[PDB]
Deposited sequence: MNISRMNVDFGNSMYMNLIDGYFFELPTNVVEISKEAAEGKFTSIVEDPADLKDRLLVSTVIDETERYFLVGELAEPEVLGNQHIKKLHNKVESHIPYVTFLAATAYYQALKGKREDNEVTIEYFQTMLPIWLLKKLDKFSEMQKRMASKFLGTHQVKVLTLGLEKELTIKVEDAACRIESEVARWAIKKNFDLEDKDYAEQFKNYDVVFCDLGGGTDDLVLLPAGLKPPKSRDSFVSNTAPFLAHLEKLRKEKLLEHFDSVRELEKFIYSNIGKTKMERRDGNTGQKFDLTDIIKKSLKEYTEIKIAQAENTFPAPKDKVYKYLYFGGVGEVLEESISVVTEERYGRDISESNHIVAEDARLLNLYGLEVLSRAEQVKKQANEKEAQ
């Protein structure tokens, strides 16, 4: 099987990837188990490749040792350095094997990837004096030939995966390409509102909040000071909310997190007991808590890059939390700056959760065009 473009967002909450324009995502969990635990782990055969996604049991050889991993939703009932940790690498292998099983032939045991692309979080890059070298090591982790075994009964095989070319971009910053261009590499009219304003890109996530200062026209950051990461996370805010106000309704922060993004955006946020179908309106409690958090976010962003009083900044909010907070952001910015500045200067991205990934996708299409241009000039 041949893959032209593969773009990966190793999130803290979800692994997400686009493979030749095809989207799917997996829970980030990777649990390492022993050989005997993996045997007699999985009991009944599966035949439909789609079922593999929730049943990812793989092995791969690491430092000449064959090790066994539960990946994604199968790892569920059981901030890492993205470069030196095996977790992203193992997730990538399982993801690729899943896509092969879903879209490819049973007897095809080989996958070639022309162009692999991922990225690194700002909090990790800022620890080093040079971003480029860490990004190069990240890319090198995926370049070349790898093998993985699928041990899920019914879909067993050892897959050889060959990555011909690989690159690593900067999270949050790279998302600007999803605003600048569409996948046909046309300039977006949507980006014109940022033609004359420096923009603070606010990547609001579950575990970090990363901000990039983009000079007018969504141009590259001027220096290292234009990249900032914060850690007083959204998940801690939810788990404090759960233990204080909602202990009755959620036994884990993951449950509360799932209920919120599933239910934010409608007028009533209703919790549904499965046994008796009884109803609990949790709307007031939740929007109130989200507004609190948003007030902290707006203030952080405002204070992160001290806008000089002869400059007007605009703010573009994204990430999965940005998506959830969209309503809250509109309310809070209107209270704080007035309606006019709220609407024109505080923008929540559409596809906020997927913007980084989409930025990779745009770069991979430009790269793909560049390649074909180069190869035809080669005569």
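Exercise for the section: Report the unmodelled segments of the deposited sequence as residue ranges counted from 1. Expected result: Residues missing from the model, as numbered along the full deposited sequence, span only 79-87.
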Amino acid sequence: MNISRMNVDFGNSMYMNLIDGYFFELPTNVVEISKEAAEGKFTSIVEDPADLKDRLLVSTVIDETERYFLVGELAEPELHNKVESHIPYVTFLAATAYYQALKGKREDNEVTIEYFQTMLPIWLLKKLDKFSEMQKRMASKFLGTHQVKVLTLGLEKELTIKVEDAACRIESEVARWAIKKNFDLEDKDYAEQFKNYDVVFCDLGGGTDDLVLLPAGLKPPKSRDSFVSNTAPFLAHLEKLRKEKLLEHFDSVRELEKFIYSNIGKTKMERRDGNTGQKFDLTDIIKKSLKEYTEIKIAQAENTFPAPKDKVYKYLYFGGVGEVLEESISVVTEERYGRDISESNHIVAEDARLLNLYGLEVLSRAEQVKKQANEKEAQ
From here on, numbers count along this sequence of modelled residues.
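Handout entry: 115-123 versus 84-92 - which carries the larger mean C-alpha B factor in the record
Key = Higher of the two, by average CA B-factor, is 84-92.
Handout entry: 183-191 versus 102-110 - greater average Cα B-factor per the deposited record
Key = On average, C-alpha B-factors are higher across 102-110.
Problem - From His249, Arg176, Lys297, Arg169, residue of greatest CA B-factor - result: Of the options given, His249 has the highest CA B-factor in the PDB entry.
Practice task
Name the one of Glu32, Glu323, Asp51, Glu335 with the greatest CA B-factor according to the PDB entry.
Solution key: Largest recorded C-alpha B-factor: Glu335.
Problem - Entry-reported Cα temperature factor of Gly206, expressed as the chain third it lands in - result: Lowest third of the chain for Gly206's C-alpha B-factor.
Exercise for the section: Taking the chain's C-alpha temperature factors as the reference, tell me which third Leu159 falls into: lowest, middle or highest. Expected result: Middle third of the chain for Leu159's C-alpha B-factor.
Handout entry: Ranked against its chain, the third holding the CA B-factor of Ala378
Key = It belongs to the highest third of the chain when residues are ordered by C-alpha B-factor.
Exercise for the section: Sort the modelled residues of this chain by their C-alpha B factor and say whether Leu238 lands in the lowest, middle or highest third. Expected result: Within its chain, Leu238 is a middle-third residue by C-alpha B-factor, going by the deposited values.
Exercise for the section: Ordered by C-alpha B-factor within the chain, which third holds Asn7? Give me lowest, middle or highest, please. Expected result: Lowest third, going by the recorded CA B-factors of the chain.
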